[PDB]
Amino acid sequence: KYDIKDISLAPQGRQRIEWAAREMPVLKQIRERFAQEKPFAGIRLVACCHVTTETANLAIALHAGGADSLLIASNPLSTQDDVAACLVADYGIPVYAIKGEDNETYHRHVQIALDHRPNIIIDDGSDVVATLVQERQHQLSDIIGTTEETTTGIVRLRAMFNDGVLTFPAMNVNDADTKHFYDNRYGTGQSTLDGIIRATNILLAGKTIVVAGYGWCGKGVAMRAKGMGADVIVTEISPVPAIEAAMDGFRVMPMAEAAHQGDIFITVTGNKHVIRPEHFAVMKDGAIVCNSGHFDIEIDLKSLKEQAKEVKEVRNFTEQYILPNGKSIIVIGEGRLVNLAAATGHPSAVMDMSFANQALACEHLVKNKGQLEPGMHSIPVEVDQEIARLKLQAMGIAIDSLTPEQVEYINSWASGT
């Protein structure tokens, strides 16, 4: 069966899935090869992803490859109910995902997914893989391998490995070049600001925007905030990215110093409680806080709730916390991934590459069944490079190639002066 909001939304989901496919040409080619080669024939698969038009196109590709797939939501607020309905009604793919579902429903959906007895698990944040290892030790004989879509998930997998419980292959999709160089940076840079603006309609120009973290996501958010006319502050914990942010023209300072100055705060660290009650207490009246890291725990909303004398919903996706002194803190999307909670996530152009990696990583797991060491594996270089070749070609961009003499010069070392 399935567990969705409204199956009558399927026609609208189909229209939007097909619209998104227009900028997923790499995944389309993979789908067309999968439909002939059937790499997943006889394989059961669980996907824990954001239920978007882009994930739909991925599920359609795995289905064309023969996968017996079950899809559940990676986050209660990111689900697109029309997409869920189209996958069920048009493709017969079980989806357990309702926008705005409560925590008990999420956890029940994880339990249903694990009862599918998957041979492959595609995860986004590593919730299902962690539950599998914790609660389903008897099922590990089913697992051919897993994949992980996002940075937070890769961190949890390293913790599982160092703890000694990562006893199967896990594909590091997030760290492929054609994943986090584009998705994490250019995707999050546009879609994060998109979610902020759809929720608040705020003018970004002239605002001070504090970006916590200057990794791939932070670089993208800061770059686009700057492009929209914001004054950008960056916080960090490591010196190499801090120097980069300064040489990119941004102010770098500790969060305790930024807290007095920011009009908008955006967390993209992967870590817990980056924005804290001692920061809330000194923020400007009306400061906006939101999160684009995988988990809402980057903002200590539990503490905010007890500092505040009152909380009100003042717009879709927008809560106003009023403190005893009468100042307000605005929270978007209850601290959930603001690009997916208040908008539609990354454009399909970058998910084409992220989800091409997902599809080919699953294929890599199956074709190497019984042959991979336990632990984390990076995406093979030749796969990563081929995705980039196909994407560049699909964008209509042509580049150069070395001549035979240029190749010879590379291998000569006596040639200098």
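One rule holds for the numbers: they count along the sequence shown, beginning at 1.
Asker: Out of 144-152 and 185-193, which stretch has the higher average CA B-factor listed in the record?
Answerer: Per the PDB record, 144-152.
Asker: Of 261-269 and 302-310, which one has the bigger average CA B-factor?
Answerer: Looking at the recorded C-alpha B-factors, 302-310 comes out higher on average.
Asker: Using only the C-alpha B-factors in the record, can you name which of 136, 284, 226, 251 has the highest?
Answerer: Of the candidates given, the C-alpha B-factor peaks at 136.
Asker: Highest Cα temperature factor in the entry, among the options 27, 349, 56, 64: which one is it?
Answerer: Comparing C-alpha B-factors across 27, 349, 56, 64, the top value belongs to 64.
Asker: Could you place residue 239 in the lowest, middle or highest third of its chain by Cα temperature factor, using the values in the record?
Answerer: Answer is lowest: the recorded C-alpha B-factor places it there.
Asker: Taking the values exactly as deposited, rank residue 345 by C-alpha B-factor within its chain and report the matching third: lowest, middle or highest.
Answerer: For residue 345, the deposited C-alpha B-factor lands in the lowest third.
Asker: Name the third of the chain's ranked CA B-factors that contains residue 277, choosing lowest, middle or highest.
Answerer: Middle third.
Asker: Could you tell me which third, lowest, middle or highest, the C-alpha B-factor of residue 219 occupies within its chain?
Answerer: According to the entry, residue 219 has a C-alpha B-factor in the chain's lowest third.
Asker: Tell me, lowest, middle or highest third: where does the Cα B factor of residue 319 rank within its chain?
Answerer: It belongs to the lowest third of the chain when residues are ordered by C-alpha B-factor.
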